[PDB]
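Before any questions on how it binds or moves, here is one chain, the form deposited in one PDB entry, in structure tokens.
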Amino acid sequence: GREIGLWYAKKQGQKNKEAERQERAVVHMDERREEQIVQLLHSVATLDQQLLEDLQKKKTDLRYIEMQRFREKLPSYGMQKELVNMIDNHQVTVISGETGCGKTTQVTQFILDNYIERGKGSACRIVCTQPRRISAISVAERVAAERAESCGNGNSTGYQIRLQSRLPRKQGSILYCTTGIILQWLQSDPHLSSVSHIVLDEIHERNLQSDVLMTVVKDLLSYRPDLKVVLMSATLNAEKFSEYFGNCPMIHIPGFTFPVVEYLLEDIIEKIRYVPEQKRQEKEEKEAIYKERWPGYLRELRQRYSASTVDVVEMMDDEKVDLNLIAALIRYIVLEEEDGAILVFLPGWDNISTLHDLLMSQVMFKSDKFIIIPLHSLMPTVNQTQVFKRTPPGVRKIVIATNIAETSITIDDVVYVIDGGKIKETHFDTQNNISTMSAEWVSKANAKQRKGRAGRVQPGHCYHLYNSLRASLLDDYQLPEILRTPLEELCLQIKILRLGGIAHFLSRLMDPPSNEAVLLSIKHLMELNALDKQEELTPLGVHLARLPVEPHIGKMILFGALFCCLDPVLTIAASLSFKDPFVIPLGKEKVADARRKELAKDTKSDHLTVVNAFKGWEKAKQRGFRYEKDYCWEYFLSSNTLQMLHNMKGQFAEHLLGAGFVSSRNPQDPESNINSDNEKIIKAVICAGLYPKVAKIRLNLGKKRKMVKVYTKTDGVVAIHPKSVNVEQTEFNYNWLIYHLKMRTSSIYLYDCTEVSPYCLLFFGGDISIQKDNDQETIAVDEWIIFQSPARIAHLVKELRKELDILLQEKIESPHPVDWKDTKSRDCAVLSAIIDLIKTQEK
């Protein structure tokens, strides 16, 4: 029976274990190095009236009158008498309005104008929070233009985002900022003084930072009775915020859009006459209802439509969008309907590429007229400003886009919208401690957001791709981001702001996270040694929290600063927290992967390719402006991302100087870059940063094609993502890898992986233990990472590791620049000598 399978399994496992035993890297330093280490171990106001006069003088400006001429047409002006008045009376108000009414650029101006005209115009300072950088810039610029002025330069409006700030004047004025700016402001002055009107906008998205800021405002309102907070949701479940804040008054601002008509799947199939080509938990409960009502619904539909439509709708796939239907719908729209610009929404790249190929396959979609512009976050400069250009008559511009286009693209020309009802979400599995990524049906808010892009300047049409039963059973809203994502950086943010009791505060959030996730995050932080035994923010924790990155990246930055390899480590840290400078165009994907491996050279690493690309870009910038563009074109780089990385490096160096680890704000000073030309030291520092993420690789010698299998301690058998450099590699000097991002899309995937030497794991690793498994005095760092070495060397390695740990604790607790020209604590020098030299195991 099943005994033969067990016999096969045992016979294979014995051989596999016997083959893996004789493939462990040997650890041995030298004859003289042992003597040196032994020796070292043995040695161990008129302004108020001025504002009114300026307003009166500007009231006669021709440009100001012209701006008022358009501003009068906005619906929100009709509520100006009310919107201000209640804001004057109540403390917290909720403003709900549909798309079309410019509440963002009107509500703030109403309060400012009322305060200025009333006389007490020097006692207000409105701070409005936006969820996107480009949105904040555009809103601030437009508001500045609306008052016949310019943003910043001491005017009455301005904005502030990361590394870009045009500040307005202190008294009066408006400041548009992202949520992170306010959350960082909360550290200096906890009560947020000198702010008279805090405005939270687009709060219905329910992102991570807005929820925290809203809770802080709610529990801060007790100590600041004179502070006014104004929330702007957008219809639908706008009563939830009012109930949460204590039944505050609400105002419903009417919208204004051109009429649009919605067609569902049955209407589309009936209209275009399309014949098909010949061939958890809660998610279950809804589906059950969709099953129970499935037959009866059809039993009605057969009387409202033809037989063929019912047959096509019944035999319909519910797990993937069919691109043949979209390709036929676009054909029908092109041939019959009038001029416009089709905009189709797709889940991801796998469908965008297929739809583009299907469209370009047909003969008519190849002439001068039709142009197809895919939109994605991994395409060059979102295909430039081609989408924003006005289409000459007789072209029928077609855009195939993921969700990028439903939030901030603003083509402002489309009239036909096609909505394949599928979106991609990134959940987080607490039991398996791995974040997943799946495709789920769009929510009602998502459907409304996609439909609202059609009618803005001209009446249009919206074509949804699901039947009425699925439309009626759609989720009201997407899951709040507070209930997905690890809560690790947030946990340190709670303690650095002294908000409360790390776990007590998280219970006051709207839709509080599950207790298991909080406990897991606290345990992970305790293991990382950032948090004390009783959650007291150990000295490493303060530096980790004050840095604007994840704790793992923060430790890498600190260790790179300690070991005098600041520049490449800072570049890697900057590129590990904000994208990467590589963009893959739609047509050419093999070429990009072939020219990225050339950048990788022979480092057998993924993080080192970013360093090489940045070094090449910096060397090319000095030559000239045209050379920079040529270099970015040849290697498929992005200039904007590289500039942002440069600014982030500057900010990190400034903070490190502020703490005291380094002696200059410049991240390329020659004093703190001694070990900057060695890749081994950089790899050791990276392994010190991202230690717990270590994967073993096994090369199955023979068996037709030589293949490498990657294993992890907990997550079974992972596989290297094809985008990584080491996807096709088969010759590894060391059989160990470290990674940063690991995701479960369909199978567990590592997105960036780099090999590490045994000495990089022995020192910056777990608890070293010495054993004897009938082979030698094998030394293990975590009981599963085993190396071969004699006992006399393993004992020295363990003692040196203990001394290094003590020295690093002392150095991190009290930072110092450290001088390499003296002999006070030379553990670091000996460790650098060991890592730089020796090694070369090639096993």
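A residue's number is simply how far along the shown sequence it sits, counting from 1.
Here the subject shifts to the form deposited with a small molecule bound, a form of this protein not shown in this document.
Using a 4.5 Å cutoff between non-hydrogen atoms, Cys101 counts as a contact of the small molecule in the entry with it bound.
When the small molecule is considered in the entry with it bound, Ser408 lines it closely, a heavy atom lying within 4.5 Å.
Residue contact with the small molecule in the entry with it bound: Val457 places a heavy atom within 4.5 Å of it. The small molecule in the entry with it bound comes within 4.5 Å of a heavy atom belonging to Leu74.
With the partner omitted here, the stretch from 491 to 499, 679 to 687, 409 to 417, 768 to 776 that lies within 4.5 Å of the small molecule by heavy atoms in the entry with it bound is 409 to 417.
Of the candidates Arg508, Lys424, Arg169, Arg142, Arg142 is the one whose heavy atoms come within 4.5 Å of the small molecule in the entry with it bound; the others do not. Exactly one listed residue, out of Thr257, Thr538, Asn155, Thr712, brings a non-hydrogen atom to within 4.5 Å of the small molecule in the entry with it bound: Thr257.
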